[PDB]
Structures are given as C-alpha cells and as structure tokens.
Novice: 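Next up is a structure, given as structure tokens.
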Amino acid sequence: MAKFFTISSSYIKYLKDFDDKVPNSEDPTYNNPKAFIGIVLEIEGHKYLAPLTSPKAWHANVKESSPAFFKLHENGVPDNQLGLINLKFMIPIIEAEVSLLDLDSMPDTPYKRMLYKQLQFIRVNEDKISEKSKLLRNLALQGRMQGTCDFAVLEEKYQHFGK
Amino acid sequence: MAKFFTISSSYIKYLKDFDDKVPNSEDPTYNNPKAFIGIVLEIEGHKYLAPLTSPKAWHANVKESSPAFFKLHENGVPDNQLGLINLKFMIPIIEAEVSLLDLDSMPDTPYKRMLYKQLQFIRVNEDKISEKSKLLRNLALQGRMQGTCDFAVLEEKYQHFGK
Amino acid sequence: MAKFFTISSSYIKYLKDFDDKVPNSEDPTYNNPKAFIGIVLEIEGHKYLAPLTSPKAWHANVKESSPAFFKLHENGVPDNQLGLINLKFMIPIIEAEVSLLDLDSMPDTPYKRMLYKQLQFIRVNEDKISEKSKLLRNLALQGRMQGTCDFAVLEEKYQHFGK
RNA sequence: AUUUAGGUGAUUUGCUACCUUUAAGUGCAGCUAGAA
RNA sequence: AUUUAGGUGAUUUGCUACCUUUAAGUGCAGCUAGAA
RNA sequence: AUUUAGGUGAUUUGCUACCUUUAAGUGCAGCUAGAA
C-alpha cells in the first residue's frame, strides 16, 4: 500500500493496443517517468496501479465525491495542491513489468521532496483511496462511470503479455 | 421523523377535558395554526406530537439538559433563535385527527421559510429530540418533572375520542 | 483511583533499607508531607502509590512518551504547571501504613487549592496514568528504563514490614 | 398559553458534557500560580 | 531529593499521537510550492 | 495526455459530508430574522 512505481513501456504499449485510454508512458515533455501509486486495489487476483498527474485547470471542477479521482495536497496545507491520483485510468499489472521507484537512492531534488509530501498524504488516506478504487471499478463495469479505462478488457487481456 | 402537523380542534378540546395543560390550539391572535412536530415518540402503541412555540423571555433560562424542551435555532447560526419544541406538552394522537402541513403546496411566505429553517435543525437533531421525549415522559410518569401534561390519563383516555 | 495519600515514615524507611531511590518522605524544609497519588497500579496483588513532586528545571526536558513521569497542569491552562507524578519512584504499599489526605476537613489553604486542581487533572487522565504505571514497571523490570525504583526487590521485601 | 427536573467532581461560579436513582463531572471560560 | 527509555513515516525539525522489540507515524506547527 | 458519475434534504445556491440504485443530506458559507 502507498508505494511509487514505474511501468515498463512495452507492457504499456501492449495494454494500449486493447484500450487507448491506458496512460501515456512516452512524451518528450516528461521530465521524469510517469509515476504510479499502488497497490490501490486487489480484486479477483488483479493488482491495480493508478497514475499520478500534475495540476490542470479542469482539476478545479473535480468534486471530492467522484471516485474517478483522488485529489492530493500537502498534509494540513490544502492550498499546496499536489495533483491527483487519476483512478479512472488505473490498470492491472504483471509484477515483472513494474518496478518500485528507488527513493532511497534517488538524488535530492524538488521532485523527490514533492514525492514525499504526496506520500504522507496518500499513506494517511490509503483506505479512502482503496474505497474509491473499488467503487470506481464497480461503477465503470456497470457503465455508470464515463470514459474510464476498459477494466473488463484489460483484465481479460493483460495476462497474455509475453505469451 | 421531523414532520409538521396540525391537530383537529375537537380532539384538542377532548384531551383538554382530561388535562388542561394540553396545548391551546385555536386563537384569533394566531397568524398561522398551532404547528406540531412529530412523531417525536412511539411507545406502547401511542404516537406523540409535540407543539412548537415562539420565543418567550423565560426561554433564556432553559438549560440543554432539560428534556421538557428542545430549543430551536438556525443550523450554524445560534443567534437566530427559532423558539422551541415544548416537549412537556406533547400529546398522543389519533391518526384521523391530525394532518400534515401541506408544505409542497403552501404559498411561499416568510413563515414557510422559517418552517424550513426549523425543519433542518430538527432533522439534524431528531434522535436527540426523541431521546428527550422518552426521558421526559418517563420522568413525568414517576412525578419527577414539573407541570407537564398528564401522560397517564391522556394515554388512558385519548383512544375513546368519538366512540 | 485518583486519591491523595501519605505513607507512614516507618514504612518509607523500611523500604529505603532495600532501595535508596524510594522517595524521601520528610525533610525539615517540607511545608507539607510528601503527597502520593494512588492507586496508580494494581498488579500481582501489589498496590502502587506514586509520589508527587514540584517543578524542577529538568522537568522541561521530559517527553510525554516517557512512562517514568506524568506531568501535571491545570485543566485547560497548560502554562500552569503543577509538578508531575514521578512514577519511576512509585512503591507498593501496605494499606495499614498509608492514610488518605483529609481533604474533607483540612482547612482551606493555597496548597489545598493546588491539590484540587491536580486532582481534577489526574481524574481526567486516570486511565493514561494507569497505563503509564503498568508500562513503566514492565520496562523497568526488563532493564529498559533507567534509575527507577527496584520494583522486584520492593515487591519481594515490602510484605515483611513489622515482622 | 401553560412562566428552569433532579443529579454525576474527597472541591465546582456560568454554560456545556454526562446520567436517569436501572448512573453518570467531560469541555470551554473565569479565577487561581499554591509545592512534594 | 534521586537531574529525558527505546522505537513506529521508502522521507520527518519541534511538540503531539501511536507501540512496548510479538508492535506502532496521527495531528498541529515549521519548512517546502517541486510535476506525471 | 485522455478535459466534473448519478443520487440522499416535504425546502437546498457553492463546496463538503453521506450513499452506490441493496442505499444515503452532515458540516461550513451565503441568504434569511419570519412566529405557534
């Protein structure tokens, strides 16, 4: 619970073949790799990682009640917005295709300090994040969320990676 | 719980014959009929409605611990005092002799807006109001309350109205 | 629980024969006898009383997590420090050798006013004090606390007092 | 309309919390700055 | 009188919370304003 | 990257709380100062 991961580009491409909403893993504008938080949900043998995303203007219109997102901010400093967990684009993973961020070897950077500020807030809210993940998947499967990842198709296809 | 009612004048007079502390229900001074809130208590098959009453000076001396009263005020605006529920003068009712207020059809008036501000506070505290009503009846029957309605005689006599 | 006691000087000196850290009980400079609070711990048939002690400079360096002490202050007035319960020098007692303070009949003095402020703060924290007492004894017996009373020796020896 | 129930603190002014003789003194404020 | 137990955070300055080597990082403040 | 799920209030503007059609309206703010 509450660990940062990166995901192999080839696994991302494999999943993208079946669902184009799977998060982008390559972009020349990315300063660091796409970080995921996990494991946000473990259900029916599937382990899910959810992508982190930096602030965007439309994040202002996100209601806390939406399980598609978990808004992040510094513990006790709500004005210090730290992006959000984009649960609506979480994906099931093969453990061979994911790797923990090597925080204790990464050099001291503004990004690493932000990662730790995010981590404290996530750890304190782990149960809320898992509840939102479970609810979001459940509603999306029933067609009661719009434009999330295709959890049925991803759960049907992901284990055929490399096979 | 937390609904506004009016009570037939004949039922009120019937009960008043057995207990003169039964609330006055009609008066030319009334801008609106005497409103009751209910059902505040259901015990031994008897359903109780409690009268609302507008501010009086002596209400300032009412302590929260007294189950004879439930002071009302606007949610989050304690200085906007809205009278009280006079639990000590609650009465058991016959369903045929009471009527819901027709809120969804009543014309919009300042009185109706006040009713809604009262209703919100009552809804939020419905459990407390019910606890106070039960406690008040229990203490009054043991003779440990001051000048309440005579719940024993009222429960003995009320069902024989019209029979 | 949460009662003030004095302990007979002979019992104190008897225990001091086996453990020199047992609190000094009389000193010509003392305005009042050394007051104890109890019963803070009841374990394996032993009843424990803990000495109260007035402020010392080093009390500023005491951390709340230490079960060796329970700092006292006026309820809701943290700046009004009232010394501490020195649990690390608590002792098992023989009931015949302890006496309640005569709070009912003692004349009103500033010391008695302070005693009552201490009593309120202790009463509100009774469970916390008992937890600290049990933990401190447990850790001291394992050598995980420093310079407390010798609870093993005191519990072995206290009952042969007077025989 | 019907004009404040009694209690819970070795102590308790106001409000509050709590209890309903089948069971309960918490929190805030005020005052207090005592001594081991 | 007797003059600070050690820990719990992939990170943690103060205090607090939590745990008692079988375990456990909460909250406030401080600093931080990073980027997918 | 991927640009707000729908509901819960005899009433409900924003946010929040709550519920996941098996169920659910709390809190803050705004407005209101009504009368038995």
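Numbers restart at 1 for each chain; the letters A, B, ... are given by sequence-line order, proteins then strands.
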Novice: Are E/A29 and E/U13 base-paired in the Watson-Crick or G-U wobble sense, both distances less than 3.5 Å?
Specialist: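 Here the two bases pair.
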Novice: Could you check if F/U20 and F/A5 make a Watson-Crick or G-U wobble pair, where both distances must be under 3.5 Å?
Specialist: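 They are paired, because both relevant distances stay under 3.5 Å.
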Novice: Name the pairing partner of E/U32, where a pair is Watson-Crick or G-U wobble with both distances under 3.5 Å, or state none.
Specialist: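 Pair assignment: E/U32 / none.
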Novice: Check the side chains of A/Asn80 and A/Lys117 for a donor-acceptor pair under 3.5 angstrom, ignoring hydrogens and angles.
Specialist: no
Novice: Quick check for you: to the nearest 0.5 Å, what is the distance between C/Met145 atom CE and C/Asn138 atom CG?
Specialist: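 Result: 11.5 Å between the selected atoms.
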Novice: Using purine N1 to pyrimidine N3 plus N6-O4 or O6-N4 for Watson-Crick, or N1-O2 and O6-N3 for G-U wobble, each under 3.5 Å, what pairs with D/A1?
Specialist: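 By the stated definition (distances under 3.5 Å), nothing pairs with D/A1.
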Novice: Under 5.5 Å centre to centre and under 30° between planes: does that hold for C/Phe89 and the six-membered base ring of E/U2?
Specialist: yes
Novice: Measure the distance between the ring centre of B/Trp58 and the centre of the six-membered base ring of D/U3, then answer whether it is under 5.5 Å with planes under 30°.
Specialist: no
Novice: With ring centroids as reference points, do A/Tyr116 and A/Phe121 lie under 6.0 angstrom apart?
Specialist: no
Novice: If you pin B/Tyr30 and A/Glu64 to their nearest nucleotides in RNA chain F, which one's is more 5'?
Specialist: A/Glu64
Novice: Can you tell me the distance, in whole Å, between the NZ atom of A/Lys132 and the P atom of F/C18?
Specialist: 10 Å
Novice: How should the glycosidic conformation of F/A10 be described, syn or anti, under the criterion that syn lies within 90° of 0?
Specialist: syn
Novice: Nearest-Å distance, NZ (B/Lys34) to P (F/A36)?
Specialist: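 That distance rounds to 9 Å.
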